[PDB]
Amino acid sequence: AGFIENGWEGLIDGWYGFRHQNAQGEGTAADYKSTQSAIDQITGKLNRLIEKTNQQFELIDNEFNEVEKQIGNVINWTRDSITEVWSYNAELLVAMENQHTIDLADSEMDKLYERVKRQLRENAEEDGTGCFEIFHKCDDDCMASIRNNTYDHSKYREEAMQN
């Protein structure tokens, strides 16, 4: 989500995907492993924050018949203090979790990219904006070999090396 200047609004298939254009047409298919990793991490955050405290608090005030003014002002004082504390905790918690979520997704995207880069070793070259310029024309089944991590790192090597 950095130098990948924008997202693909048509990729309703998953979080991350491959979109290729070689000679045998067009391609756009999502990747399952990285998407599932991010989904499981965010799911972990959600399941951890959604929580029911088994701690029970009883009444201490009285809404119908106001208690003595001194003890009432001490009670109100304490309740307002605890309210301040929990407001702060909620604010900071939400902000921090959001930061780590965004940076988490960016990290997963970077991992996907780096792995695909290392999968093809000198068979293709880097361009600038998250694409890989192929120097040997790779058909659709070869792209699918790149996707499911089966593309060979040498059986197309010198052919693309001389180019």
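All residue numbers are counted from 1 along the displayed sequence. Rigid core (definition): largest C-alpha set, two forms, superposition within 1.5 Å.
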| item | value |
| --- | --- |
| In 9 other deposited structures of this protein, rigid core aligned: more displaced of 123 to 131 and 108 to 116 by C-alpha RMS | 123 to 131 |
| Larger mean CA deviation from the shown form in 9 other deposited structures of this protein [core fit; 92 to 100 vs 51 to 59] | 51 to 59 |
| 103 to 111 versus 59 to 67 - which carries the larger mean C-alpha B factor in the record | 103 to 111 |
| Of 117 to 125 and 93 to 101, the stretch whose C-alpha atoms average the higher B-factor in the entry | 117 to 125 |
| Given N47, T35, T28, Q41, the residue at which the Cα B factor reaches its maximum | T28 |
